[PDB]
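Survey of secondary and tertiary structure
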Amino acid sequence: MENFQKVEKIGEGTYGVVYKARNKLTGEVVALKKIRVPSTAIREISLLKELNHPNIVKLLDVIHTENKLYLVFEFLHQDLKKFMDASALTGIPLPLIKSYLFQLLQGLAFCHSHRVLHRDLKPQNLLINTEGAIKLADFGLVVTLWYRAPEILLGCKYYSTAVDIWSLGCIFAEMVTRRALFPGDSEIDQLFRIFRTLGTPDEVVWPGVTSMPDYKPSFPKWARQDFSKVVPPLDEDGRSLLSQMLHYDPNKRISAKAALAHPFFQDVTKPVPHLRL
Ligand SMILES: CN1CCN(c2cccc3nc(-c4n[nH]c5cc(-c6ccc(N)cc6)ccc45)[nH]c23)CC1
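Residues numbered from 1 in each chain as written, not as in the entry; some residues may be left out. Heavy atoms only, no water. Residues with missing side-chain atoms left out of burial classes, pairs and counts.

- As annotated in the PDB entry, the protein carries the name Cell division protein kinase 2 and is attributed to Homo sapiens.
- The header of this PDB entry states its title as "CDK-2 with indazole inhibitor 9 bound at its active site".

**Thoughts on the nonpolar core**
- In this structure, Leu80, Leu101, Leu105, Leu136, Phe172, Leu241 and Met245 are the most contacted members of the largest nonpolar core, which totals 64 residues.
- Take this core: its biggest share by element is 10 residues, from helix α5 (residues 162-177).
- With residues near it in sequence (within four places) discarded, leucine 241 still touches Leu101, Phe172, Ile254, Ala259, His262, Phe264 and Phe265.
- Membership of the second largest hydrophobic core comes to seven residues, among which are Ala21, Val30, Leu32 and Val72. (Core = buried A, V, L, I, M, F, W, Y, C linked by side-chain atoms within 4.5 Å. Buried < 20%, exposed > 50% of the residue type's maximum accessible area, 1.4 Å probe, protein only. Helix = DSSP H or I, 4+ residues; strand = E, 2+ residues; numbered from the N terminus. Contact = heavy atoms within 4.5 Å.)

**Topic: the packing of aromatic side chains**
- Within the structure shown, the criterion is met by 14 aromatic pairs.
- Ring geometry for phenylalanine 172 versus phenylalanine 264: centroids 5.5 Å apart, planes at 50 degrees, classification tilted. With a gap of 92 residues between them, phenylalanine 172 in helix α5 and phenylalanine 264 in the segment after α9 (256-260) connect regions that are remote in the sequence.
- Taking relative accessible area as the criterion, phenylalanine 172 reaches 1% and is therefore assigned buried.
- Judged by its relative accessible area of 1%, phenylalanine 264 falls in the buried class.
- Ring geometry for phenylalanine 192 and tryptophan 222: centres 5.0 Å apart, planes at 65 degrees, overall edge-to-face. Residue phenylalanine 192 is located in helix α6 (residues 187-198), and its partner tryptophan 222 is located in the loop between α6 and α7 (227-230); the two are separated by 30 residues in the primary sequence.
- For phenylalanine 192, a relative accessible area of 18% puts it in the buried group.
- Take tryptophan 222: its relative accessible area is 28%, and that puts it in the partly exposed class.
- Taken together through their ring pairs, the aromatic side chains of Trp166, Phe182, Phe192, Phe195, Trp206, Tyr215, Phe219, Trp222 and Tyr248 make up a single cluster. (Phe/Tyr/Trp six-rings, centres within 6.5 Å; stacked < 30°, edge-to-face > 60°.)

**Re the site of the ligand**
- Residues in contact with the ligand amount to 16 residues; listed here are only the nearest, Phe73, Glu74, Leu76, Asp79 and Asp138.
- At a separation of 2.8 Å, a nitrogen atom of the ligand approaches a polar backbone atom of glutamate 74.
- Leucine 76 places a polar main-chain atom, nitrogen or oxygen, 2.5 Å from a nitrogen atom of the ligand.
- Coverage of the ligand by the protein amounts to 79% of the 630 Å² it exposes when considered alone. (Near = heavy atom within 4 Å. Polar contact = N/O pair within 3.5 Å; in protein donor to acceptor, adjacent residues only side chain to side chain. Areas by Shrake-Rupley, 256 points an atom, 1.4 Å probe, with all protein chains shown as cover.)

**Side note on the pairing of strand β1 (residues 4-12)**
- Pairing analysis gives seven bridges linking β1 to strand β2 (residues 16-23), with the strands arranged antiparallel. Looking across to β2, one finds that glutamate 8 is bridged to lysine 20.
- Between β1 and β2, which follow one another and run antiparallel, lie three residues. (Pairing = 2+ DSSP bridges.)

**Remarks on the layout of surface pockets**
- By volume, the second largest pocket amounts to about 330 Å³.
- Residue lining of the second largest pocket: 13 residues in total, with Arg179, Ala180, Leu181, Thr197 and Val230 positioned closest to the centre.
- Elements with a contribution of two residues or more to the lining of the second largest pocket: α6 and α7.
- No other element matches α6, which puts three residues into the lining of the second largest pocket.
- Among the residues forming the lining of the second largest pocket, the class breakdown is six nonpolar, three polar and four charged. (1 Å grid on protein atoms, 1.4 Å probe; cavity = no way out; pocket = protein on both sides within 12 Å on 5 of 7 lines; lining within 4 Å. Points joined across faces, edges and corners; volume = space filled by probe spheres on them. Nonpolar A, V, L, I, M, F, W, Y, C, P; charged D, E, K, R; others polar.)

**Examining the UniProt feature "active site" in the protein**
- Under the feature "active site", the UniProt entry names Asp120.
- Along the chain, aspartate 120 falls in the loop between α3 (94-113) and β7 (126-128).
- For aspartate 120, a relative accessible area of 28% corresponds to the partly exposed category.
- Those residues in contact with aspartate 120 that lie beyond four places of it in its chain are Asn125 and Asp164. (UniProt positions renumbered as here; feature names shortened; annotations may be inferred.)

Printed below as a string of structure tokens:
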């Protein structure tokens, strides 16, 4: 760790803190996460090092010394959140939204084929570069609930890769409308905001829902809203794909692999964004 000079504090979480740092040796500029421990986690992390893909932020090295764990990541220059904020008055052009969505589905298809889940996708841990790339970061092993799948909120303990598809659907929506799709400030408000838009789930659309740990018969019954009202600007191919990413039933929810074959992506390209760094 003496091999690193911290340049500036990049992020703070409930696990650790992230710094932009320079390797006094390699010369490289990297993102250094200071985790503040389980041997099983040492092996869990050791496995993430092999999980290498163009759309996953590279774990360059793992450094375990004393009562600290440091993870050295590939550095990227901006997060999607900042880019969304910066594009808020014009909106991200559709071709770029499509490219980012496609690339993220590629990243997820990869992860998921290795039975790895992200669990906590959000704009803040999606990182972009000048080349038009977007990458998955901050894999999960005040907390924002806005992107949480309904099965998680209802207490499902052994949830699936489908949770990441739900999160990405919410992010897709957000890029298109320039507003959070489900901005809840508590678990129940998150759940109820979902219900109010997509309708209160029942056994018809989601077999087994009523026997989930935190499901309550006393949940209010709201009707599903018209989808054309939810992401207006978006064309029918986009809305179609979104609806399949936001299916209640995790087993009906589209896979990353299947989503990549959706008609929406027939004309996909790779624009370059204009980044102000
Ligand atoms: C809230 N945001 C976060 C992003 N922040 C940020 C701003 C500007 C440039 C940034 N570059 C990063 C970054 N590069 N590489 C990373 C790797 C992880 C990582 C961490 C954990 C894992 N597991 C994998 C990768 C997290 C963050 C980064 N983050 C940046 C701005 C504030």
